[PDB]
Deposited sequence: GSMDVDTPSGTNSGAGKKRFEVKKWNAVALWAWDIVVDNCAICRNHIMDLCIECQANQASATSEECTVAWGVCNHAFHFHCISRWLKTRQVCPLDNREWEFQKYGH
C-alpha cells in the first residue's frame, strides 16, 4: 500500500502525425529510398515521426531531431 506517492512527468506537444518531413512522403507509405528497388516508423520525444531510414541517416550527421534542435531519443 501507499499513503503518499509523488511522481514526475513531462508534458509534450501532440503532433498532427501524418507526413514524414524528410521524404515529404506519407509515414505509412514506404520511404523514398525504399520506393526505388523492412521500411518502418521511428518516433521521438518531441512526438515528431519519421521513417527509420530517414531519421537514422539524419542522425549519422548529427544527433538531434531535425525539425526542433532537441536531442534525439526513441520511444
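Trainee: Deposited sequence versus model: which ranges have no CA atoms?
Mentor: Those parts of the chain that were deposited but carry no coordinates are 1-20, 58-64, 103-106.
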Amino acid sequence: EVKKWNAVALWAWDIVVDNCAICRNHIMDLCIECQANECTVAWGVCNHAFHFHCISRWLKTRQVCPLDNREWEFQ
From here on, numbers count along this sequence of modelled residues.
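Trainee: On mean C-alpha B-factor from the PDB entry, just flag whether 52-60 or 12-20 is the higher one.
Mentor: The stretch with the larger mean CA B-factor is 12-20.
Trainee: Comparing 2-10 with 65-73, where is the mean C-alpha B-factor higher?
Mentor: Per the deposited B-factors, the answer is 2-10.
Trainee: Sorting the chain's CA B-factors, does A42 end up in the lowest, middle or highest third?
Mentor: According to the entry, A42 has a C-alpha B-factor in the chain's middle third.
Trainee: Quick check on the deposited entry: does the C-alpha B-factor of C34 sit in the lowest, middle or highest third of its chain?
Mentor: Answer is middle: the recorded C-alpha B-factor places it there.
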